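# A closer look at the structure
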Amino acid sequence: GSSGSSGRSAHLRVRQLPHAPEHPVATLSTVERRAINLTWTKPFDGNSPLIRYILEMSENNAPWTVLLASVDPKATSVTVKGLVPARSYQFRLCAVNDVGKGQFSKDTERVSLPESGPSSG
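All residue numbers are counted from 1 along each chain's written sequence and may depart from the entry's numbering; residues that have no coordinates are not represented. Values reported for side chains reflect all heavy atoms of the structure, with hydrogen atoms and water molecules removed beforehand.

As recorded in the PDB header, solution NMR is the method behind this entry.

What follows is the structure, given as structure tokens:
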């Protein structure tokens, strides 16, 4: 009570969906203040070429918020500018192609920004 089927279909290349990105590593920007360098691996296009990526950020217990909608498919790294200092930030982008959107990568290692100014709280 779960599995589903319809037919099979066979004609022309198979339009596969691009799996989520791998090596979802997220490191701060040792140059740009309040910026994190997101790095992931190139997921399996899926017969068809990618189109764009949707990198959703998850703040302190914050819901996945579509930060970067239009992202380069040839890009495997992105920089998140405009962040809060002394706060946790999560990243997870998926692969989107003509076929459609696959899935998002695991929540990048709990990335925290550097504190700015006096300790508040």
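### A few points about the nonpolar core
We count it as follows: We call a set of buried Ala, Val, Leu, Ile, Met, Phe, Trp, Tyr and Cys residues a nonpolar core when their side-chain atoms join them within 4.5 Å. The classification of residues rests on relative accessible area computed with a 1.4 Å probe and restricted to protein chains. Under 20% of the type maximum is buried, over 50% is exposed, and intermediate values are partly exposed. Strands are runs of DSSP state E lasting at least two residues, helices are runs of H or I lasting at least four, and both sets are numbered from the N terminus onward.
Judged by nonpolar contacts, the single largest core of 18 residues is most densely connected at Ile 36, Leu 38, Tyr 53, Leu 83 and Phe 91. Listed by contribution, the elements that provide at least two residues to this core are β2 (35-39), β3 (50-58), β5 (77-81) and β6 (88-97).

### Let's talk about the pattern of salt bridges
Counted only if it meets this: Salt bridge, as used here: a side-chain nitrogen of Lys or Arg that lies within 4 Å of a carboxyl oxygen of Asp or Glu.
Scanning all chains against the criterion turns up 2 salt bridges. Here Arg 92 makes a salt bridge to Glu 56, at a shortest N to O gap of 3.0 Å. Taken together, the residues span a long stretch of sequence, with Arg 92 in strand β6 and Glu 56 in strand β3 at a distance of 36 residues. Put simply, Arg 87 and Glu 59 hold a salt bridge, and the shortest N to O gap is 3.8 Å. Residue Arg 87 is found in the loop between β5 and β6, and its partner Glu 59 is found in the loop between β3 and β4 (65-68); the two are separated by 28 residues along the sequence. By relative accessible area, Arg 87 is classed as partly exposed at 39%.

### Concerning the side chain of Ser 88
Formally: N or O atoms within 3.5 Å of each other form a polar contact, as long as, within protein, one can give a hydrogen and the other can take it, and as long as residues adjacent in sequence are counted only when both atoms are side-chain atoms. Contacts: residue pairs with any heavy atoms within 4.5 Å of one another.
Counting through the fold element by element, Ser 88 comes out in strand β6. A distance of 3.1 Å separates a polar atom in the side chain of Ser 88 from a polar atom in the side chain of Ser 112. Once residues lying within four places of it in the same chain are set aside, the contact partners of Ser 88 are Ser 58, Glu 59, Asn 60, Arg 110, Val 111 and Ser 112.

### Overview of the sheet that holds strand β1 (residues 25-28)
The strands making up a sheet associate through hydrogen bonds between their backbones, and the pairing can be parallel or antiparallel. The condition that has to hold: Two strands qualify as a pair provided DSSP detects at least 2 bridges between them. All axes here are fitted lines through C-alpha atoms, helices being fitted over the stretch that makes contact, and every angle between N-to-C directions spans 0 to 180 degrees.
Read across the sheet, 3 strands follow the order β1-β2-β5 without closing on themselves; strand pairing throughout is antiparallel. Strand pairing shows two members of the sheet lacking a second neighbour, β1 and β5, which therefore form its edges. When strand polarity is set aside, the average angle formed by the axes of neighbouring strands in this sheet is 20°. In terms of strand pairing, β1 meets β2 through 4 bridges, oriented antiparallel. Its bridge partner lying in β2, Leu 28 is registered against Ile 36.

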